[PDB]
file model-v1.txt (compact mmCIF, C-alpha atoms)
# COMPACT_ATOMS: atom_id res chain seq x y z
CA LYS A 22 124.83 74.53 123.92
CA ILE A 23 122.06 76.72 122.50
CA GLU A 24 120.66 78.52 125.54
CA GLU A 25 117.05 78.12 126.71
CA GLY A 26 114.56 80.83 127.64
CA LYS A 27 116.56 83.22 125.46
CA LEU A 28 116.68 84.05 121.75
CA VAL A 29 119.70 85.22 119.75
CA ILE A 30 119.35 86.00 116.04
CA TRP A 31 121.91 86.66 113.30
CA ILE A 32 120.93 88.86 110.36
CA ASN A 33 123.01 90.55 107.66
CA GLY A 34 123.58 94.29 108.06
CA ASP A 35 122.14 95.25 104.66
CA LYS A 36 118.64 94.78 106.11
CA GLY A 37 116.51 96.32 108.83
CA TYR A 38 118.30 94.52 111.65
CA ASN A 39 117.25 97.44 113.83
CA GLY A 40 113.71 96.49 112.83
CA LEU A 41 114.50 93.00 114.10
CA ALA A 42 115.53 94.66 117.37
CA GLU A 43 112.20 96.55 117.34
CA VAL A 44 110.15 93.39 116.91
CA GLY A 45 112.30 91.78 119.59
CA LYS A 46 111.37 94.54 122.02
CA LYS A 47 107.67 94.24 121.15
CA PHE A 48 108.08 90.57 122.10
CA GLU A 49 109.87 91.64 125.30
CA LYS A 50 107.18 94.10 126.44
CA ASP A 51 104.47 91.57 125.60
CA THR A 52 105.91 88.27 126.91
CA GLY A 53 109.04 89.20 128.88
CA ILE A 54 111.33 86.97 126.80
CA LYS A 55 114.53 88.75 125.79
CA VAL A 56 115.53 88.82 122.11
CA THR A 57 119.07 89.80 121.06
CA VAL A 58 120.09 90.36 117.45
CA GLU A 59 123.63 90.59 116.09
CA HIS A 60 124.78 91.71 112.64
CA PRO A 61 128.41 90.81 111.87
CA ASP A 62 129.97 90.16 108.49
CA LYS A 63 130.30 86.74 106.82
CA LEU A 64 127.18 85.33 108.52
CA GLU A 65 126.75 82.69 105.81
CA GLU A 66 130.32 81.61 106.49
CA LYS A 67 129.64 81.89 110.23
CA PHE A 68 126.37 79.97 110.70
CA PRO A 69 127.23 76.45 109.40
CA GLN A 70 130.69 76.28 111.00
CA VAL A 71 129.17 76.84 114.45
CA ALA A 72 125.91 74.98 113.77
CA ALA A 73 127.94 71.86 112.99
CA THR A 74 129.14 72.18 116.60
CA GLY A 75 125.60 72.74 117.90
CA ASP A 76 125.77 76.45 118.77
CA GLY A 77 125.51 79.92 117.28
CA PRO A 78 122.18 81.61 116.66
CA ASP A 79 118.66 80.31 116.87
CA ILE A 80 117.23 82.10 113.80
CA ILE A 81 119.02 83.18 110.61
CA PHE A 82 117.67 85.46 107.87
CA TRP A 83 119.18 84.52 104.50
CA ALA A 84 118.46 83.23 101.01
CA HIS A 85 116.70 79.88 100.74
CA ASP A 86 119.12 78.23 98.29
CA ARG A 87 121.82 77.63 100.90
CA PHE A 88 119.10 76.64 103.39
CA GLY A 89 118.11 73.49 101.50
CA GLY A 90 121.73 72.40 101.48
CA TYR A 91 121.81 73.13 105.19
CA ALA A 92 118.55 71.20 105.31
CA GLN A 93 120.77 68.28 104.30
CA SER A 94 123.59 69.27 106.67
CA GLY A 95 121.47 68.98 109.83
CA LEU A 96 121.78 72.70 110.59
CA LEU A 97 118.24 73.96 109.89
CA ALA A 98 115.33 72.78 112.01
CA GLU A 99 112.25 71.19 110.45
CA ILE A 100 109.54 73.73 111.26
CA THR A 101 105.96 72.79 112.12
CA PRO A 102 103.61 75.56 110.94
CA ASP A 103 99.83 75.33 110.83
CA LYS A 104 97.73 75.22 107.67
CA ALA A 105 95.89 78.47 108.43
CA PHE A 106 99.26 80.20 108.76
CA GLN A 107 100.26 78.50 105.50
CA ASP A 108 97.20 80.22 104.02
CA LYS A 109 98.35 83.46 105.68
CA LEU A 110 101.44 83.38 103.42
CA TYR A 111 101.80 82.73 99.72
CA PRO A 112 102.55 79.06 98.94
CA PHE A 113 105.01 79.88 96.14
CA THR A 114 107.12 81.39 98.91
CA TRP A 115 106.79 78.09 100.78
CA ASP A 116 108.19 76.27 97.74
CA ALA A 117 111.48 78.11 98.41
CA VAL A 118 112.18 76.31 101.70
CA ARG A 119 111.37 72.75 100.62
CA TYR A 120 113.96 69.98 100.87
CA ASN A 121 113.29 66.20 100.90
CA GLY A 122 109.62 66.99 101.45
CA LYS A 123 110.31 68.62 104.83
CA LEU A 124 109.74 72.30 105.58
CA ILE A 125 112.72 74.11 107.04
CA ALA A 126 112.15 77.87 107.32
CA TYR A 127 109.55 80.62 107.27
CA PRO A 128 109.76 82.87 104.19
CA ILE A 129 109.72 86.60 104.87
CA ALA A 130 111.01 88.49 101.83
CA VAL A 131 110.74 87.62 98.13
CA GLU A 132 112.99 89.02 95.41
CA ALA A 133 112.54 89.20 91.64
CA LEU A 134 113.95 91.26 88.79
CA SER A 135 111.61 93.78 87.16
CA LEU A 136 111.68 96.29 84.32
CA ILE A 137 112.68 99.85 85.21
CA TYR A 138 111.76 102.46 82.61
CA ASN A 139 112.11 106.18 82.07
CA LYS A 140 108.57 107.55 81.89
CA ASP A 141 109.73 110.50 79.77
CA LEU A 142 111.59 108.57 77.07
CA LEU A 143 108.74 106.07 76.85
CA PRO A 144 105.25 106.90 78.17
CA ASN A 145 103.82 103.48 77.20
CA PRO A 146 105.90 100.37 77.93
CA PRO A 147 105.71 97.38 75.57
CA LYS A 148 104.49 93.94 76.58
CA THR A 149 106.41 91.86 74.01
CA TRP A 150 110.13 91.27 73.61
CA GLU A 151 109.49 91.12 69.86
CA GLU A 152 108.68 94.83 70.10
CA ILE A 153 112.10 95.71 71.58
CA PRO A 154 114.16 95.59 68.31
CA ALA A 155 111.77 97.84 66.36
CA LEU A 156 111.53 100.49 69.09
CA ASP A 157 115.33 100.41 69.34
CA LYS A 158 115.33 101.76 65.78
CA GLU A 159 113.53 104.78 67.22
CA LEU A 160 116.01 105.49 70.01
CA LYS A 161 119.09 105.56 67.78
CA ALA A 162 117.19 108.33 65.98
CA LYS A 163 117.32 110.31 69.26
CA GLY A 164 120.84 109.26 70.25
CA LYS A 165 119.46 106.83 72.83
CA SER A 166 119.60 103.08 73.44
CA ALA A 167 116.66 100.80 74.11
CA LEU A 168 117.97 98.19 76.55
CA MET A 169 121.31 97.95 78.36
CA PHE A 170 121.97 95.52 81.21
CA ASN A 171 124.52 93.05 82.56
CA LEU A 172 125.17 90.39 79.92
CA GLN A 173 128.04 88.87 81.93
CA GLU A 174 125.68 86.89 84.19
CA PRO A 175 123.10 84.16 83.53
CA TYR A 176 121.13 85.69 86.43
CA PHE A 177 120.05 88.54 84.14
CA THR A 178 119.54 86.52 80.95
CA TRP A 179 117.58 83.57 82.39
CA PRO A 180 114.14 85.31 82.27
CA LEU A 181 114.24 85.52 78.47
CA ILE A 182 115.96 82.27 77.49
CA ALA A 183 114.02 80.06 79.92
CA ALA A 184 110.62 81.70 79.38
CA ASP A 185 109.30 79.34 76.70
CA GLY A 186 110.72 75.97 77.73
CA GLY A 187 113.97 76.39 79.62
CA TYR A 188 114.37 75.47 83.29
CA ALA A 189 117.50 74.99 85.40
CA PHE A 190 116.60 71.74 87.19
CA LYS A 191 113.34 69.80 87.15
CA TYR A 192 111.69 70.68 90.46
CA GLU A 193 108.62 68.77 91.64
CA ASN A 194 107.16 67.86 95.07
CA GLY A 195 109.96 69.73 96.83
CA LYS A 196 112.72 67.76 95.05
CA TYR A 197 115.25 68.94 92.46
CA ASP A 198 116.11 66.29 89.88
CA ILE A 199 119.85 66.17 89.23
CA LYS A 200 119.66 64.23 85.93
CA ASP A 201 117.15 66.76 84.58
CA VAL A 202 119.19 69.90 83.85
CA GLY A 203 117.06 71.58 81.20
CA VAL A 204 119.06 73.59 78.68
CA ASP A 205 118.72 71.35 75.59
CA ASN A 206 115.16 72.54 74.98
CA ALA A 207 113.51 74.36 72.09
CA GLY A 208 112.59 77.24 74.39
CA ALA A 209 116.20 77.81 75.42
CA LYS A 210 117.10 77.67 71.72
CA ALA A 211 114.47 80.30 70.90
CA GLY A 212 115.59 82.59 73.72
CA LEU A 213 119.26 82.38 72.82
CA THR A 214 118.50 82.98 69.14
CA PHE A 215 116.54 86.07 70.18
CA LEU A 216 119.60 87.14 72.17
CA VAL A 217 121.85 86.69 69.14
CA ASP A 218 119.36 88.67 67.05
CA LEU A 219 119.49 91.49 69.59
CA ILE A 220 123.29 91.40 69.55
CA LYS A 221 123.95 90.73 65.84
CA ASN A 222 122.08 93.79 64.55
CA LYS A 223 123.81 95.81 67.32
CA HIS A 224 120.78 96.71 69.40
CA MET A 225 123.00 96.20 72.46
CA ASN A 226 126.68 95.52 73.10
CA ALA A 227 128.21 92.22 74.16
CA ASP A 228 130.93 93.58 76.46
CA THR A 229 128.42 95.58 78.51
CA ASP A 230 127.77 94.80 82.16
CA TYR A 231 125.95 96.14 85.21
CA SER A 232 127.98 99.29 85.91
CA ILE A 233 127.78 100.93 82.48
CA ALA A 234 124.10 99.96 82.26
CA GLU A 235 123.03 101.42 85.59
CA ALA A 236 125.23 104.52 85.19
CA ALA A 237 123.80 105.24 81.74
CA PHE A 238 120.26 104.72 83.01
CA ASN A 239 120.95 107.13 85.88
CA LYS A 240 121.96 109.65 83.22
CA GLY A 241 118.89 108.66 81.21
CA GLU A 242 120.67 107.48 78.06
CA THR A 243 119.23 103.96 77.91
CA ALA A 244 115.49 103.87 78.54
CA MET A 245 114.90 100.26 79.65
CA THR A 246 116.70 98.18 82.24
CA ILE A 247 116.11 95.03 84.26
CA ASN A 248 116.96 95.09 87.94
CA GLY A 249 115.97 93.87 91.37
CA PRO A 250 115.40 96.01 94.46
CA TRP A 251 119.01 96.79 95.33
CA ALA A 252 119.42 99.53 92.70
CA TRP A 253 116.07 101.28 93.27
CA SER A 254 117.47 103.93 95.62
CA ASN A 255 120.32 104.47 93.15
CA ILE A 256 117.76 105.45 90.52
CA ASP A 257 116.22 107.62 93.23
CA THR A 258 119.54 109.48 93.19
CA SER A 259 118.97 110.24 89.50
CA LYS A 260 115.62 112.00 90.16
CA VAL A 261 114.52 110.67 86.77
CA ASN A 262 110.75 110.30 86.57
CA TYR A 263 110.80 106.51 86.31
CA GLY A 264 108.40 103.63 86.71
CA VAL A 265 108.66 99.91 87.41
CA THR A 266 106.64 97.21 85.68
CA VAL A 267 106.65 93.53 84.75
CA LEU A 268 109.00 92.26 82.08
CA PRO A 269 107.41 91.74 78.64
CA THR A 270 106.20 88.31 77.65
CA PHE A 271 107.88 86.43 74.81
CA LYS A 272 105.97 84.34 72.24
CA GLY A 273 103.15 84.30 74.80
CA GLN A 274 105.32 82.65 77.46
CA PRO A 275 106.17 85.27 80.11
CA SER A 276 109.67 85.80 81.46
CA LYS A 277 110.98 83.70 84.35
CA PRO A 278 113.28 85.54 86.77
CA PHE A 279 115.07 83.90 89.66
CA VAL A 280 112.92 84.20 92.78
CA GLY A 281 115.26 84.83 95.70
CA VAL A 282 113.46 84.27 98.99
CA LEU A 283 114.89 85.61 102.24
CA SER A 284 113.67 83.16 104.89
CA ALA A 285 114.40 82.64 108.59
CA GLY A 286 115.86 79.21 109.29
CA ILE A 287 115.73 77.78 112.80
CA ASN A 288 118.92 76.00 113.86
CA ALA A 289 118.53 72.21 113.94
CA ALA A 290 120.43 71.95 117.24
CA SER A 291 117.97 74.33 118.91
CA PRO A 292 115.97 73.27 121.97
CA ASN A 293 114.08 76.56 121.48
CA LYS A 294 111.59 75.44 118.83
CA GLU A 295 108.25 76.78 120.09
CA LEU A 296 109.63 80.15 121.25
CA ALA A 297 111.13 80.99 117.86
CA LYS A 298 108.06 79.60 116.07
CA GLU A 299 105.86 81.93 118.13
CA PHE A 300 108.17 84.88 117.42
CA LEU A 301 108.13 84.12 113.68
CA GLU A 302 104.41 83.46 113.29
CA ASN A 303 102.66 85.82 115.71
CA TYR A 304 105.15 88.72 115.60
CA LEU A 305 107.38 88.55 112.51
CA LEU A 306 105.09 87.29 109.74
CA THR A 307 102.27 89.69 110.63
CA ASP A 308 101.46 93.25 109.61
CA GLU A 309 103.23 95.06 112.44
CA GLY A 310 106.42 92.98 112.34
CA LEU A 311 107.07 93.49 108.64
CA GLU A 312 106.02 97.12 109.10
CA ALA A 313 108.58 97.63 111.88
CA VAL A 314 111.37 96.02 109.89
CA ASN A 315 110.41 97.98 106.74
CA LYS A 316 110.57 101.35 108.51
CA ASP A 317 114.36 100.98 108.57
CA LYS A 318 115.01 98.89 105.43
CA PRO A 319 112.26 97.48 103.19
CA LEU A 320 111.83 93.91 102.00
CA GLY A 321 110.17 94.57 98.64
CA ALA A 322 107.81 91.70 97.94
CA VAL A 323 107.09 89.84 101.18
CA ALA A 324 105.55 86.42 101.80
CA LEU A 325 102.59 87.40 104.01
CA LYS A 326 99.46 88.05 101.96
CA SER A 327 97.95 90.92 103.97
CA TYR A 328 101.25 92.79 104.12
CA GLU A 329 101.57 92.26 100.37
CA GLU A 330 98.21 93.98 100.04
CA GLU A 331 99.54 96.82 102.20
CA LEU A 332 102.71 97.19 100.11
CA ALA A 333 101.04 96.65 96.72
CA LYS A 334 100.22 100.38 96.50
CA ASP A 335 103.87 100.83 95.54
CA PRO A 336 103.97 99.69 91.88
CA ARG A 337 107.55 98.47 92.30
CA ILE A 338 106.25 95.98 94.86
CA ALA A 339 103.45 94.83 92.53
CA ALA A 340 105.91 94.35 89.67
CA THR A 341 108.26 92.45 91.98
CA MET A 342 105.52 90.10 93.20
CA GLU A 343 104.18 89.38 89.71
CA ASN A 344 107.68 88.62 88.40
CA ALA A 345 108.22 86.47 91.50
CA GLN A 346 105.00 84.51 91.02
CA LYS A 347 105.73 83.97 87.32
CA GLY A 348 109.44 83.33 87.91
CA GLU A 349 111.57 80.28 88.67
CA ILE A 350 112.47 79.55 92.28
CA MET A 351 116.20 79.37 92.94
CA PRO A 352 117.51 75.80 93.36
CA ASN A 353 118.77 74.71 96.77
CA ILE A 354 121.22 72.15 95.33
CA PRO A 355 125.02 72.39 94.88
CA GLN A 356 124.99 71.32 91.20
CA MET A 357 123.63 74.84 90.61
CA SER A 358 127.24 75.98 91.11
CA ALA A 359 128.33 74.08 88.00
CA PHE A 360 125.29 75.67 86.37
CA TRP A 361 126.82 79.08 87.05
CA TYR A 362 130.03 77.70 85.55
CA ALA A 363 128.41 76.01 82.54
CA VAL A 364 125.67 78.21 81.10
CA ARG A 365 127.68 81.40 81.64
CA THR A 366 130.28 80.05 79.20
CA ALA A 367 127.32 79.41 76.88
CA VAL A 368 126.63 83.11 76.50
CA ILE A 369 130.39 83.68 76.29
CA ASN A 370 130.16 81.50 73.19
CA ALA A 371 126.92 83.21 72.10
CA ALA A 372 127.37 86.99 72.32
CA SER A 373 131.00 86.58 71.22
CA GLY A 374 130.06 84.20 68.41
CA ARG A 375 132.80 81.67 69.07
CA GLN A 376 130.11 78.98 68.90
CA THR A 377 126.53 79.01 67.66
CA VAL A 378 123.35 78.76 69.76
CA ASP A 379 123.09 74.96 69.82
CA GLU A 380 126.84 74.45 70.28
CA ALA A 381 126.99 76.73 73.33
CA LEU A 382 123.83 75.33 74.90
CA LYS A 383 124.81 71.67 74.53
CA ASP A 384 128.28 72.52 75.82
CA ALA A 385 126.54 73.96 78.87
CA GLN A 386 124.34 70.83 78.93
CA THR A 387 127.06 68.39 79.98

call {"tool": "encode", "arguments": {"input": "model-v1.txt", "output": "structure tokens"}}
result
Amino acid sequence: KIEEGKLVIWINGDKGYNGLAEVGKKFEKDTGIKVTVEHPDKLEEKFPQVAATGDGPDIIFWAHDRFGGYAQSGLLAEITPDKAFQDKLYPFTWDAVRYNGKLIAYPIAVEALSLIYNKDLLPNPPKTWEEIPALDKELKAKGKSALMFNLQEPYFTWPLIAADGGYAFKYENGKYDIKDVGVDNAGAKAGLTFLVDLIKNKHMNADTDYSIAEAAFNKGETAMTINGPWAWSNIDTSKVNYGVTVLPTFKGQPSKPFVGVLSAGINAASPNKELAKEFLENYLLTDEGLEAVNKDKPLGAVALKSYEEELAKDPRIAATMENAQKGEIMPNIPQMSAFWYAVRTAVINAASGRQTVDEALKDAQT
């Protein structure tokens, strides 16, 4: 029921979907094949319910973690890219769209949390987390705070705790091991003890979250924060002379943020394989396609190497790609959901002190 000789794409409206229209019309003037894009709400609700019937879009731009599950569900098509085009992109982006050894989608955008700092309050950023307590002693002498971020999510805290030995699921050869949920490790212990040392001596607060953190950083009260791309423009409302860099390393092991990769999955019911593959390889994942989509809304760190060299003049993009290449790729498995139910309670037992470090982490283990 997916139509032939014709391409329809669904893409969320927080992106440069008009840029997707622009690359569609380049494809139309060059080859004569019409490309339509549509941007309604709830597209992640909308794709699988229609793809289980065999219809809907041909291409979908979304995060990779629900793609691997839809790689199980028979809704994403097994792509066949060449090896030279696999060299054209970064392979750590290709590890985002792996499931059962098969390759399901072309990565476009890559997301990773980076350190955002006021250049005025601190002209020289530190490279160790062990430096953060001491310098905090300086900022209380100016009525300032060192670091303030969202402690209510494991998505923020996982770079530090999992830097020196923690890892969500064991992931090798494109397969996530279900029996190998790593939180009962000495590295996770060290990271959570460093968290309780930052909270016990009152360097930060435990009831803080994202709103107070970002609002105080826009005022310039807290000097350091950790954030992805989505708040960058918000800091550009503050007009604070700020910079973006990599997160500090900890005990030599660098931080490990969640790498969120926006990829374009081809529907598995599609008889339009080669057309969409041509549109993705020769038009999308090239310099001019990512340029045309970034003129409306950027993609931060992208997967294509040459376009990463074009965008690496922006230091935010360089910080994003280095945190992405040293980070942990997001799991494509549904047990991750229980992860977001388990380990979150761990920090609710940690920063609140209802349990200790080991008690909270082994409660999140099972």

call {"tool": "atom_distance", "arguments": {"input": "model-v1.txt", "atom1": "CA of residue 306 (chain A)", "atom2": "CA of residue 331 (chain A)"}}
result
13.4 Å

call {"tool": "residues_around", "arguments": {"input": "model-v1.txt", "residues": "residue 238 (chain A)", "least_positions_apart": "4", "cutoff": "12 Å", "atoms": "all atoms listed in the file", "output": "number ranges by chain"}}
result
A: 137-139, 142, 165-170, 231-234, 242-248, 252-253, 255-263

call {"tool": "closest_residue", "arguments": {"input": "model-v1.txt", "among": "A:270, A:386, A:145, A:121", "to": "residue 180 (chain A)", "atoms": "only C-alpha atoms"}}
result
A:270

call {"tool": "residues_around", "arguments": {"input": "model-v1.txt", "residues": "residue 272 (chain A)", "least_positions_apart": "4", "cutoff": "9 Å", "atoms": "only C-alpha atoms", "output": "ChimeraX atom specification"}}
result
/A:149-151,184-185

call {"tool": "write_last_selection", "arguments": {"input": "model-v1.txt", "atoms": "C-alpha atoms", "output": "compact mmCIF listing (two decimals), in the frame of the given file"}}
result
# COMPACT_ATOMS: atom_id res chain seq x y z
CA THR A 149 106.41 91.86 74.01
CA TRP A 150 110.13 91.27 73.61
CA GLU A 151 109.49 91.12 69.86
CA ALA A 184 110.62 81.70 79.38
CA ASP A 185 109.30 79.34 76.70

call {"tool": "residues_around", "arguments": {"input": "model-v1.txt", "residues": "residue 94 (chain A)", "least_positions_apart": "4", "cutoff": "9 Å", "atoms": "only C-alpha atoms", "output": "list in words"}}
result
residues 69, 73, 89 and 90 of chain A

call {"tool": "closest_residue", "arguments": {"input": "model-v1.txt", "among": "A:278, A:61, A:250, A:112", "to": "residue 321 (chain A)", "atoms": "only C-alpha atoms"}}
result
A:250

call {"tool": "residues_around", "arguments": {"input": "model-v1.txt", "residues": "region 363-372 of chain A", "least_positions_apart": "6", "cutoff": "8 Å", "atoms": "all atoms listed in the file", "output": "list in words"}}
result
residues 173, 174, 175, 213, 216, 217, 220, 227, 378, 381, 382, 384, 385 and 386 of chain A

call {"tool": "closest_residue", "arguments": {"input": "model-v1.txt", "among": "A:358, A:241, A:55, A:345", "to": "residue 141 (chain A)", "atoms": "all atoms listed in the file"}}
result
A:241

call {"tool": "atom_distance", "arguments": {"input": "model-v1.txt", "atom1": "CA of residue 199 (chain A)", "atom2": "CA of residue 280 (chain A)"}}
result
19.6 Å

call {"tool": "atom_distance", "arguments": {"input": "model-v1.txt", "atom1": "CA of residue 226 (chain A)", "atom2": "CA of residue 347 (chain A)"}}
result
27.8 Å

call {"tool": "closest_residue", "arguments": {"input": "model-v1.txt", "among": "A:120, A:155, A:282, A:88", "to": "residue 198 (chain A)", "atoms": "all atoms listed in the file"}}
result
A:120
